[PDB]
């Protein structure tokens, strides 16, 4: 849909950080706000940037989910070989 942001692909390395720091987006309707992306990381290579708002991970929409549900869906997604992440740019 028009207005739905950009779909990014991050390759998952099992057991290794992807290089993302995020926090719940309290003020803007939900999702995760990217605070930092580590240089050279898998998240950086997948074109994640500071102030991205992550709306969806591997097809699971984050808006409307509780904070605990979002954490659970992250854990689930991190069992898979890659993360398909839909973002709105800052």
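Residue numbers count along the first chain shown, from 1.
Taking the mean C-alpha B-factor of each stretch as recorded, 24-32 and 39-47 are not equal, and the higher mean is that of 24-32.
Remark: residue 71 belongs to the highest third of its chain, ranked by C-alpha B-factor as recorded.
The PDB entry assigns residue 1 a C-alpha temperature factor belonging to the highest third of its chain's modelled residues. In this PDB entry, residue 16 carries a Cα temperature factor that places it within the middle third of its chain's modelled residues.
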